[PDB]
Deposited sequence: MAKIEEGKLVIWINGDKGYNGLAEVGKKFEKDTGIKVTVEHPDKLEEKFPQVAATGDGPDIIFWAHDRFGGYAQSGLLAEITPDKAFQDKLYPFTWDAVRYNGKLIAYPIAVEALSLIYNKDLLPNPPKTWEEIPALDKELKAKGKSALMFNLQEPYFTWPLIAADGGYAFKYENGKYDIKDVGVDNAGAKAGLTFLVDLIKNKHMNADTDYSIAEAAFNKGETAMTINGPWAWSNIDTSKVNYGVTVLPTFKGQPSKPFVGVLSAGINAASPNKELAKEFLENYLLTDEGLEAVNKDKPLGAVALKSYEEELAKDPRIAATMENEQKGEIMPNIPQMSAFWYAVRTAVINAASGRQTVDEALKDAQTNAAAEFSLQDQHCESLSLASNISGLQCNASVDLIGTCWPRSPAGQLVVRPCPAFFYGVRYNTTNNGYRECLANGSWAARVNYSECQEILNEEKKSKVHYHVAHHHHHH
């Protein structure tokens, strides 16, 4: 259970959590309420695990794309800012945290990946991806490399995959079409083929993660990286002379990074909702609060109008992501495809074919048709194919179901006069196990 009368906040460790903690310390001094800021690894997966039990933080910070899934699980409280507060943030930031009519988070910052480059190694950064192989060749003769970035997280390769035509879900009839997935079209194939080719030709290493790339850039070993504004603070420190610019073009088409709105959701099981609202609206979402965070690690662009007007003067300072529940399937699909293509485990074609399936994993067909004369009232188990390939028909909850034994199983004859048995449970889920004992060899 969550402790009443304090605030526990979770934010990713790459964000300005020390700056956030200072806003927390001021809130503590003014209220006598302890604020604890924590930053567990993989928070975006840990949050729903812990929260569905009524545990977790009072406030969770992530990019808005995760929030639709959280809200559908009932994990997030609906937020209640007055029209006057709403007016202080840009309309489009509110749009990103609106799910099925309701505001489900406060928008904080607008996050976009950029090309970060070392001005000493590369006074003019490339305008195209296509010139990077030649540039790497020149740099290798000097014991440097052109480009290193995180290949383990699909957020960083997506801009190139999307450039020539890849997309997540198509916006059709005023809503994202979850059946229309674009991870396996010509443009997605072309983008990923380029990336694999960079690796095949030793211009990049498949195993490059966040830390190899950040260290490589900051030690002056690579001329370019790809990252968000939060990363600038670490470069500042390193005293590499760096510039920030737009991602290069692929086949003459701009790179297309997926844009995130860092947002702050309130845990539906928190007994501290009015405290969390007060902290967010009156302490964090002020010029002074956002400045405190920005000073730790840059936010880039922010949702708050008054502070964005100051920030827009920064020279260092692409589509908004959907917030739909299917975004986690999408990211998981692309992650897997990229890692498999980059490591040679699959071809680009194979990888992206699997990605299309996995991104649309919520949607087999033949089994549903083979028993559509049923009309059952109340709880039912849906048509389902088991691991052996046996089709279990739509059945009432609380009933044992009987289907013949498969004619063939791994190229093996079985007598179809025998049956297998499966219980459709009282709650409308299939029993995990099927009794196949009777299907004699």
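Residues of the deposited sequence lacking C-alpha coordinates fall in the stretches 1-2, 320-328, 375-377, 456-476, numbered from 1.
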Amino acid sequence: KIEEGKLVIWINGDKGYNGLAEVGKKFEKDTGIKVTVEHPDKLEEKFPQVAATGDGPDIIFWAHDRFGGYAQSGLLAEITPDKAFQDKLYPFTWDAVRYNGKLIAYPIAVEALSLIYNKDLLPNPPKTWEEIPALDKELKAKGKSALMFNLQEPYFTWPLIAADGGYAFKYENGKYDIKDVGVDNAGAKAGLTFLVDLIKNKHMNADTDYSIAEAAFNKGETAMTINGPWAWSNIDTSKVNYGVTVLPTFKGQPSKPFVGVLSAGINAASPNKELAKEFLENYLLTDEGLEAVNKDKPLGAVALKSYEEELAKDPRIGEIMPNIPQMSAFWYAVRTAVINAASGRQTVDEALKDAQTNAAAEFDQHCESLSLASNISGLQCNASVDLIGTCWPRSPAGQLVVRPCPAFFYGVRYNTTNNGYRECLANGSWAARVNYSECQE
From here on, numbers count along this sequence of modelled residues.
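According to the PDB record, 305-313 carries the higher mean C-alpha B-factor of the two stretches 251-259 and 305-313.
Stretch comparison (167-175 versus 226-234) by mean CA B-factor in the PDB entry places 167-175 on top. Among all modelled residues in this chain, the alpha-carbon of residue 82 has a temperature factor (C-alpha) in the highest third. Among all modelled residues in its chain, residue 190 ranks in the lowest third by Cα B-factor. Residue 2: CA B factor lies in the highest third for its chain, per the PDB record. Sort the modelled residues of the chain by CA B factor and residue 49 lands in the highest third.
In the deposited entry, the Cα temperature factor of residue 8 places it in the lowest third of its chain's modelled residues.
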